[PDB]
Structures are given as structure tokens and as C-alpha cells.
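Enquirer: Got a structure for you, written out below as C-alpha cells; questions coming shortly.
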Amino acid sequence: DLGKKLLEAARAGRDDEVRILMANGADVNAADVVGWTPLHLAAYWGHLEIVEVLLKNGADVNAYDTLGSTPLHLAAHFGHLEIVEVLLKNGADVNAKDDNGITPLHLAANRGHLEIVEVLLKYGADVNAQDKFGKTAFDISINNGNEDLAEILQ
Amino acid sequence: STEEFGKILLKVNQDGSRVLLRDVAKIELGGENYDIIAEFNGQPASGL
């Protein structure tokens, strides 16, 4: 109930409500029906301020939804550069896999986000890592025809 | 987008290599037809 009001506020990007509900002992790792923490919602909708305020109050940085996707998966996929850095600084698993074997590098690479691909690599992303179909980030870049990305992943 | 149409998979060869649509065709946004070409005082134009 209290943790549900936090989920709505984390999504809606209300900076005041997140901090004020946290003061009243709101569950930072409250899960919605699909298994999304406030850190999933802030990472998805691109609310940088709330990602930092949630992590400050000991939010599970490697919380995974019912299909194994983490806030880093969402940040990397929807091109939120600052949030990828903030999450990786707070000890996010750079080589995290969802049920499909898809990593944040796979998603960033697929959506052509060159600046985020470089940050994930810097924090120690496994280039040679495969999904369930045996595809690397290099395979994705070749198929998508991104030569700027292909030369970075070699 | 043209990028997405380009990476349409036509077939996979015996040696594992893929034939994409951009390998047999040029992908670009272009007119439904190219019959009508308008000009306003010699300058390229469209109109209604």
C-alpha cells in the first residue's frame, strides 16, 4: 500500500513524493504485478534524480522482474546514459542476463547507443557473451549494419 | 525505417552466412510514383 504509492511516484517522476514517502519507511524494493521495483520505473522513464535517491536508501540495484530484466537492462536499452553510469557506480551487474540470455550490452548495441556501449565495456562487459540464439553484440551490430558500433566491439 | 527493411532475412546459406534484403536491393524512402514533377519559376516545387 505504502510501497505501491512509491511505485506510482517513481514512475511519475515526483522528486518530493519519493523522498517524503521514504521518510515514512516505504519499501524501496516494492514489486508491481510484473516485478518492477521503483528503480526499474525510474530507469525506464529516465528519472535520474529518483534513481540516485532510491540507491541512497539501499534499493536493490540487481532487482530482476518476472522475466529476469534489471534496471541496468532498461537504462542501457532506452539510452539513459547518466542512469547507466549511476547504476554501474552503485555496483550493478554489467553482465546481468534476463531469461533470454540478453545482457545490457546486447540491448545498448541493438538500439545503437554508442556512448553507453563504451561505458558498459569500461565497467567490464563481456563482448563474447551470447543470448539463447548464440548472438554477441558484434553479431547484432553487423546485422543492424552499424559500422561505428562494429569497430568499437571489433 | 530503411535500416530495418535492409536487415530483413531472405535466406541462410549452407556455410552459415545470411542473405539480407540490402544484399539484393537498394532500400530508400521514395515516391509512390515518379510521374509528376512540378516547378515554380524554374525552382523545384510541390503543390496542391
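Lettering and numbering for the C-alpha cells are positional, with chains as A, B, ... in the shown order, residues counted from 1 in each chain, and ligands counted from 1 in the shown order.
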Report as a Markdown table the residues of chain B within 9 Å of chain A, each with its shortest atom pair and distance in Å (one decimal), using only C-alpha atoms, ordered by chain and increasing residue number.
Expert:
| residue | atom | partner | partner_atom | distance |
| --- | --- | --- | --- | --- |
| B:3 | CA | A:144 | CA | 7.0 |
| B:4 | CA | A:144 | CA | 7.4 |
| B:6 | CA | A:144 | CA | 8.4 |
| B:7 | CA | A:143 | CA | 6.2 |
| B:20 | CA | A:143 | CA | 8.5 |
Enquirer: Take the selection from the previous step and output its residues with N, CA and C atoms, as a CSV table (one decimal), in the first residue's frame.
Expert:
chain,number,residue,atom,x,y,z
B,3,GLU,N,16.8,1.1,-42.5
B,3,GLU,CA,17.8,0.2,-41.8
B,3,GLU,C,17.1,-1.1,-41.5
B,4,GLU,N,15.9,-1.1,-41.0
B,4,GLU,CA,15.1,-2.3,-40.6
B,4,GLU,C,14.7,-3.2,-41.8
B,6,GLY,N,16.3,-3.2,-44.6
B,6,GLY,CA,17.6,-3.7,-45.1
B,6,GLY,C,18.0,-5.0,-44.5
B,7,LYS,N,17.8,-5.2,-43.2
B,7,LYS,CA,18.3,-6.4,-42.4
B,7,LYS,C,17.1,-7.4,-42.3
B,20,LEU,N,20.7,-10.9,-46.6
B,20,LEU,CA,19.7,-9.8,-46.2
B,20,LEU,C,19.2,-9.1,-47.4
Enquirer: Could you pull the residues within 10 Å of residue 124 of chain A, counting only C-alpha atoms, minus those fewer than 5 positions along the same chain, as a PDB file with N, CA and C atoms, in the first residue's frame?
Expert:
ATOM      1  N   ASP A  93      25.329  -5.313 -11.836  1.00  0.00           N
ATOM      2  CA  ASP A  93      25.930  -6.425 -12.620  1.00  0.00           C
ATOM      3  C   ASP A  93      25.868  -6.037 -14.101  1.00  0.00           C
ATOM      4  N   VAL A  94      27.018  -5.682 -14.681  1.00  0.00           N
ATOM      5  CA  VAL A  94      27.164  -5.248 -16.104  1.00  0.00           C
ATOM      6  C   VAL A  94      26.860  -6.435 -17.029  1.00  0.00           C
ATOM      7  N   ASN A  95      27.127  -7.665 -16.570  1.00  0.00           N
ATOM      8  CA  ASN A  95      26.925  -8.925 -17.339  1.00  0.00           C
ATOM      9  C   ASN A  95      25.673  -9.658 -16.838  1.00  0.00           C
ATOM     10  N   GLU A 118      30.220   1.968 -24.727  1.00  0.00           N
ATOM     11  CA  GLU A 118      31.609   2.263 -24.279  1.00  0.00           C
ATOM     12  C   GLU A 118      31.687   2.236 -22.746  1.00  0.00           C
ATOM     13  N   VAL A 119      30.679   2.774 -22.048  1.00  0.00           N
ATOM     14  CA  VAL A 119      30.628   2.806 -20.553  1.00  0.00           C
ATOM     15  C   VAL A 119      30.496   1.369 -20.025  1.00  0.00           C
TER      16      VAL A 119
END
Enquirer: Name the residues in contact with residue 17 of chain B at a cut-off of 12 Å, using only C-alpha atoms, excluding same-chain residues fewer than 4 positions from it; report them as a CSV table (one decimal) with N, CA and C atoms, in the first residue's frame.
Expert:
chain,number,residue,atom,x,y,z
A,139,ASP,N,27.6,-9.4,-33.5
A,139,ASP,CA,26.7,-10.0,-34.4
A,139,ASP,C,25.5,-9.1,-34.7
A,142,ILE,N,26.6,-6.0,-36.8
A,142,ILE,CA,26.8,-6.4,-38.2
A,142,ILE,C,25.4,-6.5,-38.9
A,143,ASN,N,24.5,-7.2,-38.2
A,143,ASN,CA,23.1,-7.5,-38.8
A,143,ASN,C,22.4,-6.1,-38.9
B,9,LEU,N,15.7,-10.8,-43.4
B,9,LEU,CA,16.4,-12.1,-43.7
B,9,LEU,C,15.7,-12.8,-44.8
B,10,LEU,N,16.3,-13.0,-46.0
B,10,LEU,CA,15.7,-13.7,-47.2
B,10,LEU,C,16.0,-15.2,-47.0
B,11,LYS,N,17.2,-15.6,-46.7
B,11,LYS,CA,17.6,-17.0,-46.5
B,11,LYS,C,18.9,-17.0,-45.7
B,12,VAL,N,19.2,-18.2,-45.1
B,12,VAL,CA,20.5,-18.6,-44.5
B,12,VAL,C,21.2,-19.7,-45.4
B,13,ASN,N,22.4,-19.5,-45.8
B,13,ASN,CA,23.2,-20.4,-46.7
B,13,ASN,C,23.7,-21.6,-45.9
B,23,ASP,N,21.3,-6.8,-49.6
B,23,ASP,CA,22.3,-7.6,-50.4
B,23,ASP,C,21.8,-7.8,-51.8
Enquirer: Could you please determine the separation between atom CA of residue 16 of chain A and atom CA of residue 69 of chain A in Å, to one decimal place?
Expert: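 These two atoms are separated by 27.4 Å.
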Enquirer: Restricting the calculation to only C-alpha atoms: of A:6, A:149, A:65, A:83, which residue gets closest to residue 105 of chain A?
Expert: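 Selected residue with least distance to residue 105 of chain A: A:149.
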Enquirer: Could you please write out, as a list in words, every residue of chain B that DSSP assigns to alpha helix (DSSP H)?
Expert: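 After running DSSP on the backbone, chain B has alpha helix (DSSP H) at residues 2, 3, 4, 5 and 6 of chain B.
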Enquirer: Any chance you could export the current selection's C-alpha atoms as an mmCIF file, in the first residue's frame?
Expert:
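Resulting contents of out.cif:
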data_model
loop_
_atom_site.group_PDB
_atom_site.id
_atom_site.type_symbol
_atom_site.label_atom_id
_atom_site.label_comp_id
_atom_site.auth_asym_id
_atom_site.auth_seq_id
_atom_site.Cartn_x
_atom_site.Cartn_y
_atom_site.Cartn_z
ATOM 1 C CA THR B 2 15.242 1.720 -44.313
ATOM 2 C CA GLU B 3 17.762 0.220 -41.778
ATOM 3 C CA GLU B 4 15.107 -2.324 -40.567
ATOM 4 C CA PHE B 5 13.925 -3.227 -44.147
ATOM 5 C CA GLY B 6 17.630 -3.698 -45.117
#
Enquirer: So that I can check the surroundings of residue 48 of chain A, please list as a ChimeraX atom specification every protein, DNA and RNA residue that reaches within 9 Å of it, counting only C-alpha atoms and ignoring chain neighbours fewer than 2 positions away.
Expert: /A:42-43,46,50-53,80,82-83,86
Enquirer: Just asking: which residues within chain B are strand (DSSP E) according to DSSP, as JSON, numbers by chain?
Expert: {"B": [9, 10, 11, 12, 18, 19, 20, 38, 39, 40, 43, 44, 45]}
Enquirer: Expressed in Å to a single decimal, how great is the separation between atom CA of residue 137 of chain A and atom CA of residue 110 of chain A?
Expert: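 It comes out at 7.4 Å.
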Enquirer: Can you tell me how far atom CA of residue 59 of chain A sits from atom CA of residue 39 of chain A, in Å to one decimal?
Expert: 7.2 Å
Enquirer: Using only C-alpha atoms, determine which residues lie at most 10 Å from segment 28-35 of chain A, disregarding the query and same-chain residues fewer than 6 positions distant; provide the list as a PyMOL selection string.
Expert: chain A and resi 1-8+18+21-22+54-55+57-61+63-69
